[PDB]
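File shown: upload.cif. Contents: mmCIF, C-alpha atoms.
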```cif
data_structure
#
loop_
_atom_site.group_PDB
_atom_site.id
_atom_site.type_symbol
_atom_site.label_atom_id
_atom_site.label_comp_id
_atom_site.auth_asym_id
_atom_site.auth_seq_id
_atom_site.Cartn_x
_atom_site.Cartn_y
_atom_site.Cartn_z
ATOM 1 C CA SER A 1 -17.213 -12.453 -12.412
ATOM 2 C CA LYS A 2 -17.109 -13.881 -15.929
ATOM 3 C CA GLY A 3 -15.039 -17.057 -15.896
ATOM 4 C CA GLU A 4 -15.938 -18.122 -12.334
ATOM 5 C CA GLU A 5 -18.938 -20.114 -13.551
ATOM 6 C CA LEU A 6 -16.749 -21.851 -16.197
ATOM 7 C CA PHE A 7 -14.693 -23.552 -13.518
ATOM 8 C CA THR A 8 -17.442 -24.960 -11.433
ATOM 9 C CA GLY A 9 -16.652 -28.538 -12.515
ATOM 10 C CA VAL A 10 -13.993 -30.704 -14.140
ATOM 11 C CA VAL A 11 -12.661 -28.997 -17.321
ATOM 12 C CA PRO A 12 -10.683 -30.871 -20.020
ATOM 13 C CA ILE A 13 -7.278 -29.375 -20.769
ATOM 14 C CA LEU A 14 -5.259 -29.361 -23.950
ATOM 15 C CA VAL A 15 -1.596 -28.322 -23.961
ATOM 16 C CA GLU A 16 0.421 -27.600 -27.115
ATOM 17 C CA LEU A 17 4.087 -26.554 -27.067
ATOM 18 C CA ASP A 18 6.523 -25.630 -29.818
ATOM 19 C CA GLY A 19 10.076 -25.184 -28.673
ATOM 20 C CA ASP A 20 13.604 -24.471 -29.711
ATOM 21 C CA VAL A 21 16.428 -24.689 -27.227
ATOM 22 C CA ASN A 22 19.888 -23.818 -28.589
ATOM 23 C CA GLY A 23 18.807 -24.989 -32.039
ATOM 24 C CA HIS A 24 17.217 -28.229 -30.778
ATOM 25 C CA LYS A 25 13.626 -28.137 -31.976
ATOM 26 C CA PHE A 26 10.813 -30.034 -30.368
ATOM 27 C CA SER A 27 7.083 -30.352 -29.866
ATOM 28 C CA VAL A 28 4.961 -31.449 -26.902
ATOM 29 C CA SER A 29 1.326 -32.388 -26.564
ATOM 30 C CA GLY A 30 -0.528 -32.729 -23.293
ATOM 31 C CA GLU A 31 -4.040 -33.644 -22.229
ATOM 32 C CA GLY A 32 -5.842 -33.997 -18.905
ATOM 33 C CA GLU A 33 -8.246 -32.240 -16.664
ATOM 34 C CA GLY A 34 -8.442 -29.586 -13.990
ATOM 35 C CA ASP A 35 -10.852 -29.049 -11.113
ATOM 36 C CA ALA A 36 -10.470 -25.623 -9.651
ATOM 37 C CA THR A 37 -12.790 -26.633 -6.784
ATOM 38 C CA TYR A 38 -9.871 -28.538 -5.306
ATOM 39 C CA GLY A 39 -7.163 -26.527 -7.155
ATOM 40 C CA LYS A 40 -6.311 -29.843 -8.744
ATOM 41 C CA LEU A 41 -4.613 -30.615 -12.145
ATOM 42 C CA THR A 42 -3.991 -34.051 -13.744
ATOM 43 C CA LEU A 43 -1.970 -34.162 -17.003
ATOM 44 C CA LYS A 44 0.066 -36.358 -19.311
ATOM 45 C CA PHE A 45 2.602 -34.866 -21.710
ATOM 46 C CA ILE A 46 4.127 -36.602 -24.674
ATOM 47 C CA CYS A 47 7.090 -35.462 -26.715
ATOM 48 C CA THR A 48 5.774 -35.723 -30.238
ATOM 49 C CA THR A 49 8.979 -35.006 -32.071
ATOM 50 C CA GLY A 50 10.727 -37.864 -30.196
ATOM 51 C CA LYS A 51 13.221 -37.380 -27.284
ATOM 52 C CA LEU A 52 12.848 -34.251 -25.216
ATOM 53 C CA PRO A 53 16.130 -32.279 -25.471
ATOM 54 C CA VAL A 54 15.825 -30.737 -22.018
ATOM 55 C CA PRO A 55 14.706 -32.216 -18.808
ATOM 56 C CA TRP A 56 10.947 -32.600 -18.190
ATOM 57 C CA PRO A 57 10.995 -30.714 -14.899
ATOM 58 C CA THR A 58 12.254 -27.632 -16.589
ATOM 59 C CA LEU A 59 8.972 -27.338 -18.511
ATOM 60 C CA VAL A 60 6.467 -27.708 -15.636
ATOM 61 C CA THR A 61 5.815 -24.057 -15.053
ATOM 62 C CA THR A 62 5.353 -23.482 -18.752
ATOM 63 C CA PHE A 63 2.846 -26.241 -19.218
ATOM 64 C CA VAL A 64 -2.940 -22.741 -16.413
ATOM 65 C CA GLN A 65 -3.321 -20.725 -13.307
ATOM 66 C CA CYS A 66 -7.028 -20.333 -13.732
ATOM 67 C CA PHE A 67 -7.224 -23.821 -12.085
ATOM 68 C CA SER A 68 -5.947 -22.488 -8.768
ATOM 69 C CA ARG A 69 -8.297 -22.815 -5.850
ATOM 70 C CA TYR A 70 -9.282 -19.363 -4.609
ATOM 71 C CA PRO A 71 -10.867 -19.326 -1.178
ATOM 72 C CA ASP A 72 -14.285 -17.718 -0.948
ATOM 73 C CA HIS A 73 -12.962 -14.715 0.725
ATOM 74 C CA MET A 74 -10.411 -14.171 -1.960
ATOM 75 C CA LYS A 75 -12.595 -14.605 -5.060
ATOM 76 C CA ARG A 76 -12.325 -10.939 -5.895
ATOM 77 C CA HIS A 77 -8.584 -11.352 -6.538
ATOM 78 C CA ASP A 78 -8.858 -14.110 -9.095
ATOM 79 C CA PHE A 79 -7.597 -12.443 -12.284
ATOM 80 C CA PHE A 80 -7.152 -15.780 -14.037
ATOM 81 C CA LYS A 81 -10.758 -16.812 -14.097
ATOM 82 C CA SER A 82 -12.013 -13.227 -14.693
ATOM 83 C CA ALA A 83 -10.284 -13.175 -18.056
ATOM 84 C CA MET A 84 -12.287 -16.190 -19.313
ATOM 85 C CA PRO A 85 -13.568 -17.370 -21.719
ATOM 86 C CA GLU A 86 -11.630 -14.898 -23.998
ATOM 87 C CA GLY A 87 -8.462 -15.747 -22.105
ATOM 88 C CA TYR A 88 -5.117 -14.191 -21.502
ATOM 89 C CA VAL A 89 -1.622 -13.904 -22.783
ATOM 90 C CA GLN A 90 1.055 -15.131 -20.462
ATOM 91 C CA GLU A 91 4.639 -14.202 -21.130
ATOM 92 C CA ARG A 92 7.766 -15.106 -19.278
ATOM 93 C CA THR A 93 11.442 -15.008 -19.061
ATOM 94 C CA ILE A 94 13.041 -17.802 -17.038
ATOM 95 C CA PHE A 95 16.644 -17.397 -15.971
ATOM 96 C CA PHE A 96 18.559 -20.518 -15.125
ATOM 97 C CA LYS A 97 21.237 -19.644 -12.650
ATOM 98 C CA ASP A 98 24.668 -19.866 -14.281
ATOM 99 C CA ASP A 99 23.023 -21.196 -17.421
ATOM 100 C CA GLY A 100 20.679 -20.203 -20.309
ATOM 101 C CA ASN A 101 17.231 -18.652 -20.308
ATOM 102 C CA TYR A 102 13.764 -19.473 -21.611
ATOM 103 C CA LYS A 103 11.452 -17.004 -23.256
ATOM 104 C CA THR A 104 7.856 -18.052 -23.515
ATOM 105 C CA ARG A 105 4.673 -16.762 -24.918
ATOM 106 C CA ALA A 106 1.337 -18.421 -24.609
ATOM 107 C CA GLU A 107 -2.338 -17.964 -25.068
ATOM 108 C CA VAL A 108 -4.713 -19.534 -22.644
ATOM 109 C CA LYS A 109 -8.331 -19.609 -23.363
ATOM 110 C CA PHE A 110 -11.344 -21.764 -24.089
ATOM 111 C CA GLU A 111 -11.965 -23.492 -27.424
ATOM 112 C CA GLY A 112 -15.421 -24.760 -27.024
ATOM 113 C CA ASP A 113 -15.431 -26.463 -23.686
ATOM 114 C CA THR A 114 -11.753 -27.288 -23.549
ATOM 115 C CA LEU A 115 -9.227 -25.094 -21.858
ATOM 116 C CA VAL A 116 -6.287 -24.549 -24.208
ATOM 117 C CA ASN A 117 -2.748 -23.521 -23.409
ATOM 118 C CA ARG A 118 -0.770 -22.771 -26.575
ATOM 119 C CA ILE A 119 2.915 -21.992 -26.061
ATOM 120 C CA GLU A 120 5.942 -20.930 -28.037
ATOM 121 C CA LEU A 121 9.210 -21.443 -26.291
ATOM 122 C CA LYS A 122 12.632 -20.133 -27.144
ATOM 123 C CA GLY A 123 15.796 -21.195 -25.139
ATOM 124 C CA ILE A 124 19.226 -19.578 -25.558
ATOM 125 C CA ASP A 125 22.651 -19.486 -24.137
ATOM 126 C CA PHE A 126 22.525 -22.877 -22.585
ATOM 127 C CA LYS A 127 25.753 -24.624 -21.706
ATOM 128 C CA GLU A 128 26.221 -27.774 -23.609
ATOM 129 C CA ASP A 129 27.552 -29.315 -20.421
ATOM 130 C CA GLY A 130 25.333 -27.527 -17.833
ATOM 131 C CA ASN A 131 22.600 -29.024 -15.724
ATOM 132 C CA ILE A 132 19.936 -28.543 -18.442
ATOM 133 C CA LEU A 133 21.478 -29.850 -21.629
ATOM 134 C CA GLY A 134 23.542 -32.246 -19.627
ATOM 135 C CA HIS A 135 20.407 -33.753 -18.141
ATOM 136 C CA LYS A 136 21.548 -33.598 -14.479
ATOM 137 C CA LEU A 137 18.120 -32.724 -12.890
ATOM 138 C CA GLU A 138 16.314 -35.275 -10.771
ATOM 139 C CA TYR A 139 12.853 -36.295 -11.819
ATOM 140 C CA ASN A 140 10.891 -34.664 -9.120
ATOM 141 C CA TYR A 141 9.522 -31.329 -8.113
ATOM 142 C CA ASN A 142 9.313 -29.015 -5.009
ATOM 143 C CA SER A 143 6.615 -26.681 -3.472
ATOM 144 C CA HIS A 144 6.757 -23.031 -4.165
ATOM 145 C CA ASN A 145 5.119 -19.740 -3.524
ATOM 146 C CA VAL A 146 4.134 -17.605 -6.502
ATOM 147 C CA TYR A 147 3.823 -13.898 -5.906
ATOM 148 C CA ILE A 148 1.161 -11.925 -7.651
ATOM 149 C CA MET A 149 0.632 -8.259 -8.064
ATOM 150 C CA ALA A 150 -1.571 -5.985 -10.065
ATOM 151 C CA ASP A 151 -0.464 -4.082 -13.105
ATOM 152 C CA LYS A 152 -2.839 -1.207 -13.523
ATOM 153 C CA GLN A 153 -0.963 0.126 -16.602
ATOM 154 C CA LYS A 154 -1.377 -3.009 -18.689
ATOM 155 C CA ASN A 155 -4.630 -4.072 -17.000
ATOM 156 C CA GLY A 156 -2.826 -7.218 -16.005
ATOM 157 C CA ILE A 157 -0.745 -8.738 -13.356
ATOM 158 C CA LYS A 158 2.918 -9.205 -12.787
ATOM 159 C CA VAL A 159 4.137 -12.410 -11.257
ATOM 160 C CA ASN A 160 7.485 -13.412 -9.837
ATOM 161 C CA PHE A 161 8.996 -16.499 -8.180
ATOM 162 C CA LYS A 162 11.930 -18.910 -8.054
ATOM 163 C CA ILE A 163 11.878 -22.547 -8.730
ATOM 164 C CA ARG A 164 14.268 -24.876 -7.127
ATOM 165 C CA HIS A 165 15.323 -27.917 -9.198
ATOM 166 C CA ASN A 166 17.144 -30.663 -7.460
ATOM 167 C CA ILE A 167 20.359 -31.851 -9.124
ATOM 168 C CA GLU A 168 21.353 -35.498 -9.014
ATOM 169 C CA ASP A 169 24.412 -34.667 -6.891
ATOM 170 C CA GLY A 170 22.346 -33.295 -4.052
ATOM 171 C CA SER A 171 22.738 -29.693 -5.165
ATOM 172 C CA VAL A 172 20.195 -27.170 -6.509
ATOM 173 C CA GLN A 173 19.398 -25.433 -9.828
ATOM 174 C CA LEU A 174 17.687 -22.108 -9.456
ATOM 175 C CA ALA A 175 15.220 -20.826 -11.993
ATOM 176 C CA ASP A 176 14.098 -17.225 -11.666
ATOM 177 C CA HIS A 177 10.718 -16.568 -13.187
ATOM 178 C CA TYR A 178 9.474 -13.202 -14.469
ATOM 179 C CA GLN A 179 5.957 -13.147 -15.742
ATOM 180 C CA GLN A 180 3.272 -10.889 -17.249
ATOM 181 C CA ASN A 181 -0.368 -11.668 -18.014
ATOM 182 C CA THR A 182 -2.706 -9.541 -20.012
ATOM 183 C CA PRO A 183 -6.266 -10.041 -21.052
ATOM 184 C CA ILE A 184 -7.136 -10.981 -24.621
ATOM 185 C CA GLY A 185 -10.687 -9.582 -24.515
ATOM 186 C CA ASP A 186 -11.656 -5.952 -23.881
ATOM 187 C CA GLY A 187 -14.120 -6.944 -21.147
ATOM 188 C CA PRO A 188 -13.557 -6.231 -17.441
ATOM 189 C CA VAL A 189 -11.087 -8.248 -15.345
ATOM 190 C CA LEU A 190 -10.345 -8.476 -11.687
ATOM 191 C CA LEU A 191 -7.128 -6.763 -10.597
ATOM 192 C CA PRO A 192 -5.898 -8.286 -7.368
ATOM 193 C CA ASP A 193 -4.198 -7.104 -4.247
ATOM 194 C CA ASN A 194 -0.810 -8.678 -3.529
ATOM 195 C CA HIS A 195 -1.123 -12.270 -2.726
ATOM 196 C CA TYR A 196 0.378 -15.599 -3.560
ATOM 197 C CA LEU A 197 -0.204 -19.119 -4.749
ATOM 198 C CA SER A 198 1.121 -22.141 -2.934
ATOM 199 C CA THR A 199 2.007 -25.043 -5.169
ATOM 200 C CA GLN A 200 2.732 -28.674 -4.938
ATOM 201 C CA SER A 201 3.453 -31.193 -7.721
ATOM 202 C CA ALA A 202 4.217 -34.863 -8.155
ATOM 203 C CA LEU A 203 5.882 -36.323 -11.291
ATOM 204 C CA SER A 204 5.389 -39.844 -12.420
ATOM 205 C CA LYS A 205 5.708 -42.142 -15.463
ATOM 206 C CA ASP A 206 3.229 -44.346 -17.383
ATOM 207 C CA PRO A 207 4.796 -47.806 -17.255
ATOM 208 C CA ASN A 208 3.060 -48.814 -20.496
ATOM 209 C CA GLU A 209 4.123 -45.725 -22.379
ATOM 210 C CA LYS A 210 7.090 -46.036 -24.756
ATOM 211 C CA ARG A 211 7.191 -42.487 -25.937
ATOM 212 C CA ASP A 212 9.101 -39.819 -23.966
ATOM 213 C CA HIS A 213 6.570 -38.372 -21.575
ATOM 214 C CA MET A 214 5.697 -37.075 -18.147
ATOM 215 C CA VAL A 215 2.721 -37.629 -15.885
ATOM 216 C CA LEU A 216 1.827 -34.689 -13.635
ATOM 217 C CA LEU A 217 -0.397 -34.188 -10.515
ATOM 218 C CA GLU A 218 -0.544 -30.750 -9.041
ATOM 219 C CA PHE A 219 -2.416 -28.798 -6.394
ATOM 220 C CA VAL A 220 -2.560 -25.079 -6.126
ATOM 221 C CA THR A 221 -4.273 -22.791 -3.706
ATOM 222 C CA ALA A 222 -4.276 -19.027 -3.223
ATOM 223 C CA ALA A 223 -3.384 -17.417 0.061
ATOM 224 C CA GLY A 224 -1.959 -14.430 1.848
ATOM 225 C CA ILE A 225 -5.150 -12.520 2.403
#
```
Starting from the coordinates I provided, produce the structure as structure tokens.
Amino acid sequence: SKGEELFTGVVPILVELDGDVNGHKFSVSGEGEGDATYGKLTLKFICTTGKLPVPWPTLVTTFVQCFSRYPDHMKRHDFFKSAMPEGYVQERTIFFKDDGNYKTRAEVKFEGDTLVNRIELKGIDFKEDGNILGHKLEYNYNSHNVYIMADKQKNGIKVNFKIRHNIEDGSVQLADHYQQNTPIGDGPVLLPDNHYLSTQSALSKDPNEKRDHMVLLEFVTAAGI
């Protein structure tokens, strides 16, 4: 396919987010690199408007699936890379159990040789005293499976999954994800058979960094075929 060749080495990544959660406005910038050969991502995010109003972990999924490692035998199912360099639109709705929801819209594509993820986030109906606004989530992250399916009507894919956020009291905060991706260009893309992505992520901090930020290491590989 098209994009395949674009991912053959380490690619620099730029992440830009504009958000509003219950009237609290904020901006985030992130930079790093991805190496789809190992399904590996390394990023650092910085809250540019000051203190992040929600917990960092809640934004992970929002902050580039084209960096997933697809095994040789599954290359024909890699929609993400097939949409490059023109890119794709990724939209979601994220429902926090017994809490508010996030609505996101992003464009992911290449600007020169940098892979760009530009997002607009809108959060509503959050409880001032819930796990999100109340900042009760631990600073860590779990492994998940992300289910993918073809959408022949929109020439895209539909994706669904649940994230499990650990709460400081030992409990769990569920986050139901509903997602749609559609190509930006008019060129051909690869529509996949049902399959899934297996994820793992580690969160850390930069000891010498005074701004509000998050350091992220993540591995993702496709499976189920």
Go through A:197, A:116, A:54, A:184 one by one, measure the shortest atom-to-atom distance of each to residue 14 of chain A using all atoms listed in the file, and give the residue with the smallest value. A:116
Using all atoms listed in the file, which of A:20, A:4, A:129, A:206 sits nearest residue 77 of chain A? A:4
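Atom CA of residue 193 of chain A lies 27.9 Å from atom CA of residue 102 of chain A.
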Under the rule that all atoms listed in the file are counted, which of A:118, A:131, A:157, A:95 is the nearest residue to residue 169 of chain A? A:131
I need the output of the PyMOL selection byres ((chain A and resi 33) around 12) for this file as a ChimeraX atom specification; which residues are they? /A:7,9-15,30-32,34-36,39-44,64,67,113-116,216-218
Report the residues retrieved by the PyMOL selection byres ((chain A and resi 48) around 6) from the displayed file, expressed as an NGL selection string. :A and (27-28 or 46-47 or 49-50)
Separation of atom CA of residue 123 of chain A from atom CA of residue 23 of chain A in Å: 8.4 Å
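With distances restricted to only C-alpha atoms, A:220 is the closest residue to residue 66 of chain A from A:220, A:163, A:21, A:175.
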Counting all atoms listed in the file, the option among A:100, A:19, A:87, A:53 closest to residue 65 of chain A: A:87
Find the residues near residue 22 of chain A: any atom within 8 Å, counting all atoms listed in the file, skip ones fewer than 3 places away on the same chain, and give them as a ChimeraX atom specification. /A:123-126
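The two atoms in question, atom CA of residue 224 of chain A and atom CA of residue 143 of chain A, are spaced 15.9 Å apart.
Using only C-alpha atoms, the residues found no farther than 12 Å from residue 183 of chain A, other than those of its own chain fewer than 3 positions away, are residues 79, 80, 81, 82, 83, 84, 85, 86, 87, 88, 89, 90, 91, 106, 107, 108, 109, 151, 154, 155, 156, 157, 180, 186, 187, 188, 189, 190 and 191 of chain A.
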Best match for closeness to residue 92 of chain A among A:58, A:144, A:110, A:159, counting all atoms listed in the file: A:159
Shell of 9 Å around residue 176 of chain A, only C-alpha atoms, local chain residues under 6 positions omitted, as a ChimeraX atom specification: /A:93-97,160-164
Exercise: residue 203 of chain A partners within 8 Å, all atoms listed in the file, chain neighbours under 4 positions left out, as an MDAnalysis selection string: chainID A and resid 139:141 214:217
Please produce a file of the residues just selected, as a JSON list (two decimals), in the frame of the given file, where the atoms kept are C-alpha atoms.
```json
[["chain", "number", "residue", "atom", "x", "y", "z"],
["A", 139, "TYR", "CA", 12.85, -36.30, -11.82],
["A", 140, "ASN", "CA", 10.89, -34.66, -9.12],
["A", 141, "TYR", "CA", 9.52, -31.33, -8.11],
["A", 214, "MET", "CA", 5.70, -37.08, -18.15],
["A", 215, "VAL", "CA", 2.72, -37.63, -15.88],
["A", 216, "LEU", "CA", 1.83, -34.69, -13.64],
["A", 217, "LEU", "CA", -0.40, -34.19, -10.52]]
```
Name the residues that the PyMOL selection byres ((chain A and resi 195) around 10) pulls out of this structure, and write them as a PyMOL selection string. chain A and resi 74+77+145-150+192-194+196-197+222-225
Please output segment 68-80 of chain A, rebuilt to include N, CA and C atoms, as a compact mmCIF listing (two decimals), keeping the file's coordinate frame.
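rebuild17.txt was written with the following content:
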```txt
# COMPACT_ATOMS: atom_id res chain seq x y z
N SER A 68 -6.33 -22.66 -10.14
CA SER A 68 -5.95 -22.49 -8.77
C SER A 68 -7.20 -22.39 -7.91
N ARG A 69 -7.16 -22.97 -6.70
CA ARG A 69 -8.30 -22.82 -5.85
C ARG A 69 -8.23 -21.48 -5.12
N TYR A 70 -9.24 -20.62 -5.33
CA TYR A 70 -9.28 -19.36 -4.61
C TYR A 70 -10.32 -19.49 -3.47
N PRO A 71 -9.91 -19.27 -2.26
CA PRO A 71 -10.87 -19.33 -1.18
C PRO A 71 -11.98 -18.29 -1.37
N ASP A 72 -13.16 -18.60 -0.84
CA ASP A 72 -14.28 -17.72 -0.95
C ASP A 72 -13.96 -16.29 -0.64
N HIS A 73 -13.23 -16.08 0.40
CA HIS A 73 -12.96 -14.72 0.72
C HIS A 73 -12.00 -14.04 -0.18
N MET A 74 -11.37 -14.78 -1.05
CA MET A 74 -10.41 -14.17 -1.96
C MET A 74 -10.85 -14.17 -3.43
N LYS A 75 -12.09 -14.55 -3.69
CA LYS A 75 -12.60 -14.60 -5.06
C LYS A 75 -12.42 -13.33 -5.87
N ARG A 76 -12.45 -12.20 -5.19
CA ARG A 76 -12.32 -10.94 -5.90
C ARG A 76 -10.93 -10.69 -6.43
N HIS A 77 -9.97 -11.58 -6.10
CA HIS A 77 -8.58 -11.35 -6.54
C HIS A 77 -8.16 -12.30 -7.63
N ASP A 78 -9.13 -13.08 -8.13
CA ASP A 78 -8.86 -14.11 -9.10
C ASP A 78 -8.86 -13.59 -10.53
N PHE A 79 -7.74 -12.98 -10.93
CA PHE A 79 -7.60 -12.44 -12.28
C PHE A 79 -7.80 -13.50 -13.35
N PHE A 80 -7.17 -14.67 -13.11
CA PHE A 80 -7.15 -15.78 -14.04
C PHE A 80 -8.50 -16.17 -14.60
```
